[PDB]
Amino acid sequence: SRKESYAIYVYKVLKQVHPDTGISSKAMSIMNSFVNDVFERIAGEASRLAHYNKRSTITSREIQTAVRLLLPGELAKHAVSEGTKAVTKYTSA
Amino acid sequence: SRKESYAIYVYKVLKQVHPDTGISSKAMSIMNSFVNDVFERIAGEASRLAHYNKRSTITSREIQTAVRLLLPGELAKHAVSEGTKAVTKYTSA
Amino acid sequence: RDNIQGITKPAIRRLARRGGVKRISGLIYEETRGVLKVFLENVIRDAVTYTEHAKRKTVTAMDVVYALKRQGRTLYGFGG
Amino acid sequence: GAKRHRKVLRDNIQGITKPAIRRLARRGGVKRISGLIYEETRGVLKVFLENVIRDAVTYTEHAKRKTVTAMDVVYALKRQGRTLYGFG
Amino acid sequence: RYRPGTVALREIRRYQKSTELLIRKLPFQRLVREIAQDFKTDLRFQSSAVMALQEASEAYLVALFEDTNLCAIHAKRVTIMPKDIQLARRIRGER
Amino acid sequence: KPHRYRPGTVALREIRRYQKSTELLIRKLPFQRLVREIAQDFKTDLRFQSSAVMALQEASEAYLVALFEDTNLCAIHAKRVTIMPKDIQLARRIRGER
Amino acid sequence: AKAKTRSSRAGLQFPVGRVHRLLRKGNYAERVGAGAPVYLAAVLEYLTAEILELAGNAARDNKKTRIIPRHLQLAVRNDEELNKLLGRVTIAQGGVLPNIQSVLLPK
DNA sequence: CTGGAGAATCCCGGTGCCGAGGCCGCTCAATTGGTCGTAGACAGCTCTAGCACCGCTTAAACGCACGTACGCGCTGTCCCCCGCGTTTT
DNA sequence: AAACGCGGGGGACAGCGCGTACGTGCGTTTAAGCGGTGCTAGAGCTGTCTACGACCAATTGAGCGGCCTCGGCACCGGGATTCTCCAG
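Residues numbered from 1 in each chain as written, not as in the entry; some residues may be left out. Chains lettered and ligands numbered in written order. Part of a larger assembly, values for the part shown. Heavy atoms only, no water. Residues with missing side-chain atoms left out of burial classes, pairs and counts.

Undergrad: Mind showing me how you'd approach the overall build of chain D here?
TA: Scanning chain D from N- to C-terminus turns up 3 helices and 3 strands. Sequence-ordered secondary structure for chain D, helices as α and strands as β, is α-β-α-β-α-β. Here chain D has a C-alpha radius of gyration of 18 Å; the compact-globule value for 88 residues is 12 Å, and the former is much larger. Principal-axis analysis of the C-alpha atoms gives chain D an extent of 50 × 45 × 20 Å. Counting the 88 residues in chain D, one finds 49% classified as buried. Considering only contacts in chain D between residues 6 or more positions apart, those separated by 24 or more positions represent 24%. Element-wise, carbon and sulfur atoms account for 59% of the exposed surface of chain D, whose accessible area totals about 4,700 Å². (Helix = DSSP H or I, 4+ residues; strand = E, 2+ residues; numbered from the N terminus. Rg over C-alpha atoms; globule rule 2.2 N^0.38 Å. Buried < 20%, exposed > 50% of the residue type's maximum accessible area, 1.4 Å probe, protein only. Contact = heavy atoms within 4.5 Å. Areas by Shrake-Rupley, 256 points an atom, 1.4 Å probe, with all protein chains shown as cover.)

Undergrad: Which parts of the structure should I look at to understand the packing of aromatic side chains?
TA: The relation between two aromatic rings is expressed through the spacing of the ring centres and the mutual angle of the planes. For the structure on display, the rule yields 10 aromatic pairs over all chains. Ring centres of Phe34(B) and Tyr76(C) lie 5.7 Å apart, and the angle between their planes is 70 degrees; this geometry places the pair in the edge-to-face category. A residue pair is termed interchain when its members come from two chains, as with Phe34(B) in helix α2 (residues 25-52) and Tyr76(C) in the segment after α3 (61-71). Aromatic pair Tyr50(C) and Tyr66(C): ring centres 5.8 Å apart, planes at 80 degrees, arrangement edge-to-face. Remark: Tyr66(C) occurs in helix α3 and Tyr50(C) occurs in helix α2 (residues 28-53); sequence separation between them is 16 residues. By relative accessible area, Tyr66(C) is classed as buried at 16%. Here the basic side chain of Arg10(E) rests over the ring of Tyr2(E), its NZ or CZ set 5.0 Å away from the ring centre. The ring of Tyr18(F) has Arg17(F) sitting right over it, with the charged end atom 5.6 Å from the ring centre. (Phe/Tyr/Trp six-rings, centres within 6.5 Å; stacked < 30°, edge-to-face > 60°. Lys NZ or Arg CZ within 6 Å of the ring centre and 35° of its normal.)

Undergrad: Sorry if this is basic, but what is going on with the interface of chain C and chain E here?
TA: By convention, interface size is frequently given as the accessible area that disappears when the constituent parts associate. Each partner contributes residues to the interface: chain C has 44 residues there, and chain E has 48 residues. Elements supplying a minimum of two residues to the side of chain C that touches chain E: α1 (9-18), α2 and α3 of chain C. Ranked by residues supplied to the side of chain C that touches chain E, first place goes to α2(C) with 14 residues.

Undergrad: Any chance you could explain the interface of chain B and chain C here in plain terms?
TA: On the side of chain C, 5 residues touch chain B, which itself brings 7 residues to the contact. Buried area between chain B and chain C, both sides added, is near 510 Å², and the carbon and sulfur share of it is 52%. On inspection of chain B and its partner chain C, the count reaches 0 salt bridges. Inspection of the chain B/chain C interface yields 2 residue pairs in polar contact. Residues of the side of chain B that touches chain C, tallied by class, amount to 2 nonpolar, 3 polar and 2 charged. (Buried area = accessible area lost by both parts, 1.4 Å probe. Salt bridge = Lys/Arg side-chain N within 4 Å of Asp/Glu carboxyl O. Polar contact = N/O pair within 3.5 Å; in protein donor to acceptor, adjacent residues only side chain to side chain. Nonpolar A, V, L, I, M, F, W, Y, C, P; charged D, E, K, R; others polar.)

Undergrad: How should I be thinking about the pattern of salt bridges in this particular structure?
TA: A side chain of one charge can pair with a side chain of the opposite charge when the charged atoms of the two come close. One pass over the structure, following the stated rule, counts 14 salt bridges over all chains. Its salt-bridge partner being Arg18(G), residue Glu4(A) comes within 2.4 Å of it at the nearest N-O pair. Here the residue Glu4(A) occupies a position in the segment before α1 (7-17), and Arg18(G) occupies one in helix α2 (residues 16-25), the pair thus bridging two chains. You can call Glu4(A) partly exposed: its relative accessible area is 43%. Between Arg33(C) and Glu30(C) there is a salt bridge whose closest N-O contact spans 2.5 Å. Of this pair, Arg33(C) and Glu30(C) both sit in helix α2, 3 residues apart, which is roughly one turn of the helix.

Undergrad: Just checking my understanding: could you explain the protein's contact with DNA strand I for this structure?
TA: Near DNA strand I you find 45 residues, and of these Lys57(C), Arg23(D), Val32(G), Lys64(G) and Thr65(G) are the closest. When atoms of DNA strand I within 4 Å of the protein are split into backbone and base, the sugar-phosphate part holds 95%. One nitrogen or oxygen atom from the main chain of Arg6(F) is found 2.8 Å from a phosphate oxygen belonging to DNA strand I. Between DNA strand I and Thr65(G) there is a distance of 2.6 Å, counted from a sugar or linking oxygen to a side-chain nitrogen or oxygen. Mapped onto the surface near DNA strand I, the elements with two or more residues apiece are α1 of chain A, α1 (18-28) of chain D, α1 (6-17) and α2 (25-36) of chain E together with β1 (31-32) of chain G. For the surface near DNA strand I, the leading source of residues is α2(E), giving 4 residues. Counted by class, the surface near DNA strand I contains 14 nonpolar, 11 polar and 20 charged residues. (Near = heavy atom within 4 Å.)

Undergrad: Please explain the side chain of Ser34(D) as it appears in this structure.
TA: If you trace the backbone, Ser34(D) turns up in the loop between β1 (32-33) and α2 (37-62). Reaching out from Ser34(D), the side chain makes a polar contact with the backbone nitrogen of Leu36(D) at a distance of 3.4 Å. Those residues in contact with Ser34(D) that lie beyond four places of it in its chain are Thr82(F), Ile83(F), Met84(F) and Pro85(F).

Undergrad: Teacher, can you tell me more about the protein's contact with DNA strand H here?
TA: Neighbouring residues of DNA strand H: 50 residues in total, closest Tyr11(A), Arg33(E), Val78(E), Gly8(F) and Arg9(G). Close to the protein, within 4 Å, the atoms of DNA strand H belong to sugar or phosphate groups at a rate of 94%. In the model, a phosphate oxygen of DNA strand H is placed 2.9 Å from a nitrogen or oxygen of the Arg21(G) side chain. Put simply, the parts of the chain that give the surface near DNA strand H at least two residues each are β1 (22-23) of chain A, α1 of chain C, β1 of chain D, α1 (9-20) of chain F together with α1 (6-9) and α2 of chain G. If you tally residues by element for the surface near DNA strand H, the top one is α2(G), at 3 residues. Grouping the constituent residues of the surface near DNA strand H by class yields 12 nonpolar, 15 polar and 23 charged.

Undergrad: Looking at this structure, I do not really get the arrangement of the chains. What am I missing?
TA: Left apart from each other, chain D and chain E have a closest C-alpha approach of 13 Å. In this structure chain A stays clear of chain F, and the shortest span between their C-alpha atoms is 13 Å.

Undergrad: What exactly am I supposed to notice about the packing of helix α4 (residues 82-91) of chain E against helix α3 (residues 50-77) of chain F here?
TA: Packed helices, taken two at a time, are described by the angle their axes make and the gap between the axes. Axis separation between α4(E) and α3(F) bottoms out at 10 Å; the angle between their running directions is 175 degrees. With respect to their mutual orientation, α4(E) and α3(F) come out roughly antiparallel. Between α4(E) and α3(F), the residues in contact are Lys83(E), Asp84(E), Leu87(E), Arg90(E) and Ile91(E) and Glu69(F), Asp70(F), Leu73(F) and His77(F), respectively. Of the residues belonging to the contact of α4(E) with α3(F), the class tally is 3 nonpolar, 1 polar and 5 charged. (Axes fitted to C-alpha atoms, helices over the stretch in contact; angles between N-to-C directions. Parallel < 35°, antiparallel > 145°, perpendicular 65-115°, else oblique.)

Undergrad: It is not clear to me how the state of the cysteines should be interpreted in this structure. Could you clarify?
TA: Put plainly, two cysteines are in a disulfide when a covalent bond ties their sulfur atoms together. Counted under the stated rule, the structure contains 0 disulfides over all chains. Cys74(F) supplies the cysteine sulfur nearest to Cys71(E), a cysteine that is in no disulfide, at a spacing of 8.0 Å. (Disulfide = S-S within 2.5 Å.)

Honestly, that's just the spatial picture; any functional story needs more than this.
Okay, here's the thing in structure tokens:
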């Protein structure tokens, strides 16, 4: 059966941060485990806010605010920048 | 404009158990709030439930099952029968 | 400006009485005053985050309800 | 003779042994232990267990199976707000 | 004179059937607006929002007291002390 | 004369050991039959996955573990060093779990 | 023209096309913005690296070359931000931070 | 200070091995170029509610006395749990 | 490795003294709030129209199974160290 996951992308980012460090498989599964969670928690949170303001389409305004809602403190501060930078980069590109 | 709630359906039921008992608005707001929650709590899981088996249409079974997820024990046994009866009453006619 | 102190000792003592406390220290009062700020600050921070994103300048309780649930204290009685 | 019936006393719940219990407590950082703890622990652990297990089984039939899956119990854990990573 | 610890029981007895607030609204209201100032400036409050806030806060405070009281009692006392709060604040895991 | 350690020095050594260790402390064969025991009061005759069978223990331990360290906090505040069930129940009540 | 991945277009590594599908089947809304799959996807890269970098750090402190959950356990639980984030997360095989109570220390 | 002494722990070099990790075919999901319906932010109008303040009176705070009960420091005493070496399990 | 006995020793525990902070009480402030009057922000509404995603079609390559190989890593032993009791 086919199963799609996130290992390869995580593997790429690791070699960005630690280009030499290896990795187990179980921990990789953890990473797959972790990503999907935060994937989920943001999205439904993203959904219900659009519900709160009775809108029907989810954009970054939605995404960013919940990131501020979901991430605490510095991560939210820093990651919004991470989101902000990419978005403008995409719109420009 | 016209915004809708549940107090009227509450008040018939009130008169079904206590036909001569009043209820305050502060209370009536509480019930409107309360009922809205209980809808929501199940409503999500059953929705989630469908995703879990990759199925694509909510039925009473999921509701049935979802109720089994929330309500404690003896009460669950009651309503599930009442859930069972009504659809049976519904489906019969 | 010391509005935390506006929560008087009887205001503190009444709550502990309704909490069932028979005998109270004196250091309790400042301990309470600091901690309660944490409860408030956390909420109001997130509460306005709704109000801002909802593009208002006025604080609805409907936001407040949204947040207190989002913290995990579900509340009944103030619209929804 | 009369030895075919000499050991019938399993009664699983003690299967969580005092040495393990203290081994468990030692990892937790407790230095000295009451003896009644062992039994009391048996209660706390079990009462924990079914509540998930009930919920964990609660899934299974709804998808019309007969073999409990880890993913199933994975969801079982989430509902009470103690999430686990690492079994997909 | 009543001996110490009698009025308190009557006070405790009194308030548990009492139901309305125990915090002054204006000292409540003012403190809220000051705290809210720290995240964004120049807000505007619905009385419901502030009132909804107030119900949460006292409802917050009282339960902790019971936990703290339990802590105090477990230390074989009848006099609460801040560490009981901190021990309580730790265990609930928001510490 | 025998060289017995002062009581507790061994325990602190033990406390150190496991806090670096990461493995399970509960024997598998006793463990799973416990679950196989439990399942009967919900539905008869299920069929367990080891992954599930394994997955039980981690929650089983991790739960009980966090219990312990909180219970350890109790006697300290209660000015003890030996844990009492009254501590254990207390936390669960403080955990709001009765 | 020439096919150019959106992740490349954002200069990101995470597959946004995957999620825009996933958002599309995720039934979070009946319509979905275009930069939202993008917007999140980079922040997704942020936290993984944020944890992965921590995962690298602790991995070095025992002088290993490959990251394990114990390292992951240590890293997040050593991070007050991550630990506050992942307080309702329990880690498989992660173990515990070594910490002995002050009063359990011998006189 | 210093440990007789045993015991415990860490570190140094060897071993074995299997799993992390690049390589190798293959298909269907992600990307590109088309249409058309609607969502939804935005000006214009409406008006509600939010804020500002006063002034006054009374509950409620507030600032004190006093007294005693409880918090705590301390000390023998007793008994249950801690270290250990076999004997089961 | 658990079981299990077993001495033994240390910490719970109870009792005791005691001292001082905290409740009782209460005048004396004092501050809390109400309703009455003034105001305007700003939210909430409608209308509207547009631009951009939902839609489909065609397409290809990225990504994931399937497959190899050796390198990280876990002992093993010994020896070296350190520490704990237990001298002194």
